[PDB]
Amino acid sequence: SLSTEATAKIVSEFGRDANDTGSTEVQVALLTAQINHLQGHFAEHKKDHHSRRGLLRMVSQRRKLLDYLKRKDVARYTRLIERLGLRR
Amino acid sequence: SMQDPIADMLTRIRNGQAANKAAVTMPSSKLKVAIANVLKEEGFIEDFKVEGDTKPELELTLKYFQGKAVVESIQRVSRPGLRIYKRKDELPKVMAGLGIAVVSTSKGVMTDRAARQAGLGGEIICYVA
RNA sequence: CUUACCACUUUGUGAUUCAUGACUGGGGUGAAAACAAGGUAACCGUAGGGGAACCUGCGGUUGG
RNA sequence: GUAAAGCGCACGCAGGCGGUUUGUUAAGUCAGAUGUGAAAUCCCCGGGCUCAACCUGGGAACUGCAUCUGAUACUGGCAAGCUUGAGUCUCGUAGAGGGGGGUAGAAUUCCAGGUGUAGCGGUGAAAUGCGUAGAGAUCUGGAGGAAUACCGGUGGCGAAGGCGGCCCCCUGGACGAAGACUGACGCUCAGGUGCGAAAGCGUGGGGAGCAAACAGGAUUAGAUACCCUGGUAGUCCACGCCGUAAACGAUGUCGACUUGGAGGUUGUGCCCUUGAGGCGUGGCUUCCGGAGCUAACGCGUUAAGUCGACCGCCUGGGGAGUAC
RNA sequence: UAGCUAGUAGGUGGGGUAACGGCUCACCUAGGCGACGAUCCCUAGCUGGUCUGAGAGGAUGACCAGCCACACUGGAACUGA
């Protein structure tokens, strides 16, 4: 649902260059933008459950990517979890 | 394959033999090539050949005496879930010596006869027969 | 002689069992037609009526 | 699968398992050594009892444990990669996927009126209940709720439950084509968490039809049969609870490999650059059947084949999914 | 049987002991153990061995040998290598 322009902005603003779509920082930033917006969605309706499932996939996959960063490179991970505001 | 690529290669061999296929292929590893060496020097296959640089592919060539495949059984023994290691005095005779066990010794991957000769055991990869 | 500790002992308070107890729980005992086409398939969950086992509602299954 | 046995369905922590190439280490592993593994017992060869049992000599065995030295294929570790798994991206397609928001008719009953007077009603049979006080039907408007006939399906989407009027808003997932990016980021999961038909519950409403209960008649061997006539909970909405089904493909999830034929649905490439087309090529899906497997029935590339990872489960029938 | 534990876990000093040690004490710290099963309940002497079994295993631990523990029950010490 998240617009193409927003994905381009995020890929730029967390990517190591332009069109590095697939690095963990890029992946996590897209997932966190989507989490925030959907949490906007489900605030108003709490009784959508088939869509909320896709949101649990987003959250779970984002935890898995963040755990991969922490294991691989701690420095980029710690820069990210606040440079994007995470592990609150 | 996903977790046991060596049972993958044996499954391919016995499935291709029961399918009367002339050659099977699979993504190569260096231990796949080692076991293939053991087999083709024991006369269980004709040949093999690894092509590709970033994606090598191991090209086993199956072998039929007439219309019957040379391998009757080929069973994985040590798997992820049970690793099997034998001391050289307890290396297994496979079909009373008529079939091999390929073991992984610390001097490489050899047959069972070769290992009990050189007085060193190791991890039992499979039973061929 | 007197402190410190303490086994046992007495009390209370607790837990835990043992027996037995009306009762249970009434298991009773004795006393006041159709064989998937066949008085209305075979089932599953649930809720009702009533001595129940049955029947009915609601959803479901083919193992009719 | 059906004999007992795949949790209703996911997601997921611990845990288990882990593509590929170097390097390293040397934990597992392997090898050698050494020390220890009491004696007896057991086993082998002997010896003594007249033989045997029994006794006894020597040996072997004690399948183990530790330590040292070595090996380094494999597993582990540590390091560094790789790109095939997994993912991110870009663009489109189909869809009863979901939550909302209004939306319209068919049918539905009464009223609002006339039009009409001997009927309305039903079973094994009446009858009970309506009506001549105007009863039904007609058109007329209303009221209000339920549900969306055709399309419609061998269809589709969803983890499963399940989803079907039209239209908008929000939203989820899937798939296809090339390309880019990451760089094993994976699979499975006890516990846990969440979803979960129907009935039911609780709290407020709503109540057009229906309909357990209950209320009339007749039952039948007696009737609290069956039935028909009304009919309340409920059904519907909001929130909370329940957490169960033959929740079923009675078939856990994931990956790989193994002959065919007949379809359906949805993409897409080449060439007919006519719309299909002819030839591909994907995803889903229905049905035959080969090997194989199966007790058989059957399954059969969507496997119940051949394998690998992890989980759940079973262990004669009843007692009993019961008691505590 | 899912939490258990205040010499509880550790530390400094005293003390004590043949000896190390929370062994004990004073103070300090606030730990330690537990889903690789703590705690709690139940059962049980342990082993070489024995029996059974092709084996893997099961079942046992009478005799004999080794180790433990006990000596009416519960406390306690003394003497002494």
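Only heavy atoms go into these numbers, but all of them, side chains included; no hydrogens, no water, no symmetry mates. In the text below, chain A, chain B and the rest are named by the order of the sequence lines, each starting its count at 1.
- At whole-Å resolution of the value, CG in B:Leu62 and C1' in D:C257 are 13 Å apart.
- Separating the P atom of D:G12 from that of D:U72 is a span of 43 Å, rounded to the nearest Å.
- D:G102 and D:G142 have their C1' atoms separated by 22 Å, with the value rounded to a whole Å.
- The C1'-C2'-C3'-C4' torsion of D:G136 is positive, so its sugar falls on the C3'-endo, or north, side.
- Without hydrogens or angle criteria, B:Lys63 side chain to B:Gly43 main chain gives a donor-acceptor distance under 3.5 Å.
- Here A:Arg16 reaches the OP1 or OP2 of D:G183: one of its side-chain N or O atoms lies under 4.0 Å away.
- Look at A:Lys47 and you'll find a side-chain N or O under 4.0 angstrom from OP1 or OP2 of D:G100.
- Taking atom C1' in both D:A10 and D:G243, the straight-line distance is 15 Å, to the nearest Å.
- Separation of the P atoms belonging to D:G191 and D:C166 is 44 Å when rounded to the nearest angstrom.
- When the P atom is used for both D:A212 and D:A233, the distance is 14 Å, rounded to whole Å.
- The side chain of B:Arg14 contributes no N or O atom lying less than 4.0 Å from OP1 or OP2 of D:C257.
- In this structure, D:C241 forms a base pair with D:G200, meeting the Watson-Crick or G-U wobble definition at 3.5 Å.
- The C1'-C2'-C3'-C4' torsion of D:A118 is negative, which assigns its sugar to the south, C2'-endo side.
- An OP1 or OP2 oxygen of D:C185 is reached within less than 4.0 angstrom by a side-chain nitrogen or oxygen of A:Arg71.
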**Candidate pair A:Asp67 and A:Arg63, rule salt bridge (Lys or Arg N to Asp or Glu O under 4.0 Å), full reasoning** = CA-CA 6 Å; A:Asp67 279 10; A:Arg63 299 292 179 90; over 6 Å; no
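- Geometry at D:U193 and D:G81 does not meet the Watson-Crick or G-U wobble definition with both required distances under 3.5 Å.
- Pairing check for D:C195 against D:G8: the two satisfy the Watson-Crick or G-U wobble geometry, each of the two atom distances being under 3.5 Å.
- Rounded to whole Å, the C1' atom of C:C35 lies 48 Å from the corresponding atom of D:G207.
- Base pair annotation for D:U251 with D:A295: unpaired, by the Watson-Crick or G-U wobble rule (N1-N3 plus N6-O4 or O6-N4, or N1-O2 plus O6-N3, under 3.5 Å).
- In this structure, D:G289 forms no base pair with D:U69 under the Watson-Crick or G-U wobble definition at 3.5 Å.
- Base pairing of D:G282: its partner is D:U266, meeting the Watson-Crick or G-U wobble criterion (both donor-acceptor distances under 3.5 Å).
- Taking atom P in both D:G161 and D:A245, one finds a spacing of 16 Å when rounded to whole Å.
- Under the Watson-Crick and G-U wobble criteria, each requiring two contacts below 3.5 Å, nucleotide C:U46 is paired to C:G57.
- With both pairing distances under 3.5 Å, D:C163 is matched to D:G156 as a Watson-Crick or G-U wobble pair.
- In terms of phosphate contacts, A:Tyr68 brings a side-chain nitrogen or oxygen within less than 4.0 Å of OP1 or OP2 of D:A184.
- Contact between the side-chain N/O atoms of A:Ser1 and the OP1/OP2 oxygens of D:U171 is found at a separation under 4.0 Å.
- For the OP1/OP2 pair of D:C74 and a distance below 4.0 Å, the side-chain nitrogens and oxygens of B:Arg76 include no atom meeting the criterion.
- As rounded to the nearest Å, D:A225 and C:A37 have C1' atoms that lie 24 Å from one another.
- A negative value of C1'-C2'-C3'-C4' puts the sugar of D:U117 in the south, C2'-endo-like family.
- Entry note: D:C239 and D:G92 fail the pairing test, Watson-Crick or G-U wobble at under 3.5 angstrom for both distances.
- Sugar pucker at C:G26: south, on the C2'-endo side, as the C1'-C2'-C3'-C4' dihedral is below zero.
- Distances shorter than 4.0 Å separate none of the side-chain N or O atoms of B:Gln3 from OP1 or OP2 on D:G19.
- Residue B:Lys55 places no side-chain N or O under 4.0 Å from the OP1 or OP2 atom of D:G19.
- For D:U22, one of the phosphate oxygens OP1 or OP2 lies less than 4.0 angstrom from a side-chain nitrogen or oxygen of B:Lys30.
- The distance from atom CD1 of B:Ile124 to atom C1' of D:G28 is 15 Å, rounded to the nearest whole Å.
- Between the base of D:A71 and the side chain of B:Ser106 there is a donor-acceptor pair shorter than 3.5 Å.
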